[PDB]
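Any chance you could fold what I've pasted below:
(chains A, B, C, D, E, F and G, ligands or ions: 1)
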Amino acid sequence: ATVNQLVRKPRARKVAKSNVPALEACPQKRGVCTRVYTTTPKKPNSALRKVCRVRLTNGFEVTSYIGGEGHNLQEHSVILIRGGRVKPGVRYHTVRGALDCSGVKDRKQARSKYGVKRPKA
Amino acid sequence: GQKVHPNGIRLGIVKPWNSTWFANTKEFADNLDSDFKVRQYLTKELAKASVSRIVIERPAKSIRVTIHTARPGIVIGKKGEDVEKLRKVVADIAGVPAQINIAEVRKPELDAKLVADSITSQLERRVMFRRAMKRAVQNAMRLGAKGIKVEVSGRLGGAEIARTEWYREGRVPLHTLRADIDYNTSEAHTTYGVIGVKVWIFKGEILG
Amino acid sequence: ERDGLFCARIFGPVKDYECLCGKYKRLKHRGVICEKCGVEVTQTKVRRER
Amino acid sequence: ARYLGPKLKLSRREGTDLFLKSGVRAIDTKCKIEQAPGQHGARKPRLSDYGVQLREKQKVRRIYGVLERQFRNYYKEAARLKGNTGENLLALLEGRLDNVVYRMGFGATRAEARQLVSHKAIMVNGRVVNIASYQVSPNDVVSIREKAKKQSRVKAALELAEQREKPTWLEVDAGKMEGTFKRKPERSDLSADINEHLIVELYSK
Amino acid sequence: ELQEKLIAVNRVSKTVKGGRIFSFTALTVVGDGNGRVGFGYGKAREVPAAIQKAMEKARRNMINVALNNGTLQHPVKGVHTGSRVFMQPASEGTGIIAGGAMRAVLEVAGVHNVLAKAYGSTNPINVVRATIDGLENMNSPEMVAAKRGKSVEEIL
RNA sequence: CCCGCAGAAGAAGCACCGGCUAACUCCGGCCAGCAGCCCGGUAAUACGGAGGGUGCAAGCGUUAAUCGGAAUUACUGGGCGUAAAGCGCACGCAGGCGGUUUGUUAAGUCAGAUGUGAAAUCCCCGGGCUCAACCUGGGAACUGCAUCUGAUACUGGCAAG
RNA sequence: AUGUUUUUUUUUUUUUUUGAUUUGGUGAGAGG
Ligand SMILES: [Zn+2]
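Numbering: from 1, shown residues only, chains lettered A, B, ... in the order given. The protein structure is shown below:
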């Protein structure tokens, strides 16, 4: 605080670590599904949340949420993950409508966010 | 169900009865039934007319009805056209000669039942219940009520969890028997459910 | 009529502190004259002296 | 790059008459100008602090027919320039070629004026200018070219204008169909209902 | 002539034998678009009543503020409890650059042009108070001259 | 770049609408799903569809990343009795700071000048591409460094008190 | 002798004040 003190030893900047380190400063990363499964969320919620453990291109083994209703993913399915954490230990989302992950069926609103092409009529 | 009915506790002292006749155990039940019928009919008919109190009084095998209403003009219609019509039906209901009298209610804001009815109507036509209640209270006060209370209950503003709210103004002594407490009730059959409206109007204390 | 015998710009607004056609419906800017109204903005008795 | 939808809807939303239709027929007859658009029009709860500002911004933008990025740019320019920011912005808006044309009375609406500008009808100092955003300067004569001078719409527009109040900052000739942008307008010359300050605040978040 | 802005309304509770009794606090502020400002803090079982009370409070115990044209006379700090507030006079056109409760008070006061940051707490009630204090303390050139035994041209 | 030809012709989507946050209704059971932080168990403005609206617009969302907000490392600009924070207490080298008067010096300090501080970029006034972006003339700026000439209140050095 | 031992959203917006109750010539007839 004291100017002399500051001079002696300056002020330390708070180094904030990244909450999506398996990306390694990439907007998305390609990965292969090591396994796909459902998981129960913590309190107070209740569901069977669809999630896949993904071995990434850069070597990391992470677990990625699968948004939307329904998915085609199996083991050995090449998917793109984007970062974003579902509110234990899931810090990433599968990009629907990229690589092997399909767009959500019968969806008409927020279509972009689930890979869905524009409905023709 | 805490409270005693304010009319009912005072029938011997400051409040009078509505049905005012004598009958032996033989004919009493029948008479009561008749009264119920006629009253029901009247309510059905004179809904649009602001009617407070039907007073039935049967001497000598002939029924005398007395309708207390705020606007006689709509109950009477053209001079002795609607009243007459009412009479024959009343007679039919009873099975005796009928006679309808129509008392004109001075100050319908001070009559409790009428106020309640008004409130119910308001509720039905989708006003803010609270604003209606306020209006009811205020108006009575303006008119010269020593006090008024109103209470409304259940599904207020179509809310899932029902509750009761009530506005008092002035003094409304219920434990005091000699207090002229005009009490009455009504029910708003809204889209979300029933909303019950109670209203107490304290005219003043009687000294005897 | 704009602008005839009973004009707006030449004399004044019929209503008090109102553009007859449409602007100023409170008490803040008494005087502004838009092109859509071609109207002054004063009292109801202002036309009696003009 | 333009708003192509219902014009009166916008006006309704705003509350005021934005002058998005010529003014032959009064706005109250064409639409429920008091009632807001859509299913939930009759309901009107008091707006937020942010919201009012936003609305104000929209109004101004709507009036001139300027999309958001452009508007932002204009605001920035105003800020950069010396003097009062809101006023400057207003001046800039006015300065637009299409707006100027509208003022003159060669377009019934601002939209019409813009269209005319686009279609190589208008000249500024005897040189065909096609850009609606073109900032017209002081002493810059602006006219209809001889090809577009025969159009019935132009005369109608002029007539409409003649009914409408004449701006002091211009000087227009109906026969010659050429107007001189004499000077950039003062704030007093413009409409008082526009709260420029709100707009300024909105961008000063 | 007076303009009045309800800044915030907050529901506050009192626990009793039965359960929770709820009530409403209304923070308002009123001003004449010139020096005079006054905030009022009213409380009642229903909102509108509370608001009314607040307004009433505001209308009495107003305070005068020396305003050089649309803006303040010099940069002024004002503190109250957690909320410490800085506000700085600004050129015509800039508008009220200030956040929340602070803005409202300024607007009624009839300052049109300010640059104002609220450091510390931003608890509306405290911050408005702080703002008021700042306004109050702020002296004019004439006043300063009077204080110092000089003319206005000596001070500039 | 200009002129002529035809005919509204070939040309609008994306996100969002519980609060923060601009925008609301109806129809489908802690499931399916949403989520940036703080819904869903049968009347969900929070899930999905619709109608309606709001915001952006040839883009619109999402992700990643940086500053901002964050006075949340606080030089400007924070704190430490109870919220995190006074060494258990002292002595004391280096270091930091230093009562008062005069003289002197002129290191710090201040003033002016000179040299330099590449051009571009930023900013001001202009000019040129129909406008704009873009290009561009001149200025200002580049908060500095060096040197020379002064000023000597303050800080420092030296000398006496 | 002893208690973090059955938690689940059973959810935060007023009225506002600011303004008024509205009827011109012509001709005919009566009272004093
Ligand atoms: Zn007007």
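
Bridge partners for residue E:83, pull those for me.
residue E:80, residue E:120 (DSSP bridges).

In contact with it, which residues are there?
If you count contacts by C-beta atoms under 8 Å, 6 or more residues apart in numbering or on different chains, residue E:83 has them with E:118, E:120, E:121, E:122, E:123, E:126, E:127, E:129, E:130. Bear in mind the C-beta positions are built from the backbone N, C-alpha and C, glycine included.

will you turn those into JSON lines that also has neighbour count, distance to RNA strand G and secondary structure?
JSON lines is the format used below for the contacts of residue E:83 (neighbours: other C-beta atoms under 10 Å in any protein chain shown; distance: C-beta to the nearest atom of the strand, whole Å; DSSP: H, G, I helix; E, B strand; the rest coil):
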{"residue": "E:118", "neighbour count": "23", "distance to RNA strand G": "20", "secondary structure": "strand"}
{"residue": "E:120", "neighbour count": "15", "distance to RNA strand G": "24", "secondary structure": "strand"}
{"residue": "E:121", "neighbour count": "15", "distance to RNA strand G": "20", "secondary structure": "coil"}
{"residue": "E:122", "neighbour count": "15", "distance to RNA strand G": "17", "secondary structure": "coil"}
{"residue": "E:123", "neighbour count": "18", "distance to RNA strand G": "16", "secondary structure": "coil"}
{"residue": "E:126", "neighbour count": "20", "distance to RNA strand G": "19", "secondary structure": "helix"}
{"residue": "E:127", "neighbour count": "29", "distance to RNA strand G": "18", "secondary structure": "helix"}
{"residue": "E:129", "neighbour count": "22", "distance to RNA strand G": "21", "secondary structure": "helix"}
{"residue": "E:130", "neighbour count": "29", "distance to RNA strand G": "23", "secondary structure": "helix"}
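
Pull the contacting residues for residue 23.
Picking chain A for this. Here residue A:23 is in contact with A:29, A:81, A:83, A:92 (criterion: C-beta under 8 Å, 6+ apart).

I was thinking of chain E, sorry if that wasn't clear
E:11, E:12, E:13, E:14, E:43, E:44, E:45, E:50.

One more: residue E:69?
residue E:92.

can you map out the strands along the chain?
In the absence of a named chain, chain A is used. A:29-39, A:49-56, A:61-65, A:78-81 (DSSP state E).

wrong one, chain E
E:3-15, E:20-31, E:37-44, E:76-80, E:83-89, E:96-97, E:114-120.

do the same with chain B
B:51-57, B:63-69, B:98-104, B:147-153, B:164-170, B:179-189, B:194-205.

Switch those strands over to TSV; also include mean neighbour count.
What follows is these, written out as TSV (neighbours: other C-beta atoms under 10 Å in any protein chain shown):
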stretch	mean neighbour count
strand B:51-57	19
strand B:63-69	21
strand B:98-104	16
strand B:147-153	22
strand B:164-170	14
strand B:179-189	19
strand B:194-205	21
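
what about the longest helix in chain B?
When chain B is parsed with DSSP state H, its longest helix is helix B:28-45.

Run through the neighbouring helices and strands of it.
strand B:51-57, strand B:63-69, helix B:82-94 (3 or more C-beta pairs under 8 Å, 6 or more residues apart in numbering or on different chains; DSSP states H and E).

how about 6 Å then?
Under the contact criterion of 3 or more C-beta pairs under 6 Å, 6 or more residues apart in numbering or on different chains; DSSP states H and E, helix B:28-45 touches strand B:51-57, helix B:82-94.

List the buried residues for it?
Neighbour counts over helix B:28-45 (16 or more other C-beta atoms under 10 Å in any protein chain shown) mark B:31, B:34, B:35, B:38, B:39, B:41, B:42 as buried.

related to what we said a few turns ago, ok, which of the helices and strands packed on helix B:28-45 comes nearest chain C?
Chain C sits nearest to strand B:51-57 of all the helices and strands packed on helix B:28-45, at 44.8 Å, using C-beta to the nearest C-beta.

pull the CA atoms of the closest one into CSV?
These are the backbone C-alpha positions of strand B:51-57, laid out as CSV (Å, rounded to 0.1, in the frame of the first residue of the first chain):
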residue,chain,number,x,y,z
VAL,B,51,-82.6,-6.2,-4.3
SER,B,52,-81.4,-6.4,-0.6
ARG,B,53,-84.1,-8.1,1.5
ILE,B,54,-87.2,-10.1,0.8
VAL,B,55,-89.5,-10.1,3.8
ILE,B,56,-92.3,-12.7,3.8
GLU,B,57,-95.3,-12.3,6.1
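
Next, the angle from it to helix B:28-45.
Taking axes from the mean of the first three to the mean of the last three C-alpha atoms, to 10 degrees, strand B:51-57 and helix B:28-45 form an angle of 150 degrees between their directions.

what lines up beside strand B:51-57 in the sheet?
Here, using DSSP bridges, strand B:51-57 pairs with strand B:63-69 (antiparallel).

Show me what the strand it pairs with is in contact with.
Strand B:63-69 is contacted from outside by B:49, B:51-57, B:75, B:90, B:94, B:96, B:98-103, B:105, using C-beta atoms under 6 Å, 6 or more residues apart in numbering or on different chains.

What count of nearby residues applies to residue A:69?
10 (other C-beta atoms under 10 Å in any protein chain shown).

Relative to RNA strand G, which of the contacts of residue A:23 is nearest.
residue A:92 (25.0 Å; C-beta to the nearest atom of the strand).

Pull the contacting residues for that closest one.
Contacts of residue A:92 by C-beta under 6 Å, 6+ apart are A:62, A:64, A:81, A:83.

Let me have those in a markdown table, extended by neighbour count and distance to residue C:38.
Supplementary listing: those in a markdown table, determined by neighbours: other C-beta atoms under 10 Å in any protein chain shown; distance: C-beta to C-beta, whole Å:
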| residue | neighbour count | distance to residue C:38 |
| --- | --- | --- |
| A:62 | 22 | 71 |
| A:64 | 30 | 68 |
| A:81 | 28 | 66 |
| A:83 | 20 | 62 |
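
Output the residues you listed as a markdown table; include the columns distance to the ion.
Below are those laid out as a markdown table (distance: C-beta to the ion, whole Å):
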| residue | distance to the ion |
| --- | --- |
| A:62 | 65 |
| A:64 | 62 |
| A:81 | 60 |
| A:83 | 56 |
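
Which one of these is nearest to chain E?
residue A:83 (32.0 Å).

any idea how far chain E is from residue B:204?
Residue B:204 is 28 Å from chain E, where distance means C-beta to the nearest C-beta, to the nearest Å.

measure the residue nearest to that residue when sequence neighbours are not counted to residue B:88 for me?
Excluding its sequence neighbours, the residue lying closest to residue B:204 (C-beta to C-beta, 6 or more residues apart in numbering or on different chains) is residue B:146, at 5.0 Å. Distance from residue B:146 to residue B:88, counting by C-beta to C-beta, to the nearest Å: 42 Å.

neighbour-wise, which of these two wins?
Using other C-beta under 10 Å, the more surrounded residue of residue B:146 and residue B:88 is residue B:146, with 18 against 11.

State the distance from that one to chain E.
Relative to chain E, and taking C-beta to the nearest C-beta, residue B:146 is found at 24 Å.
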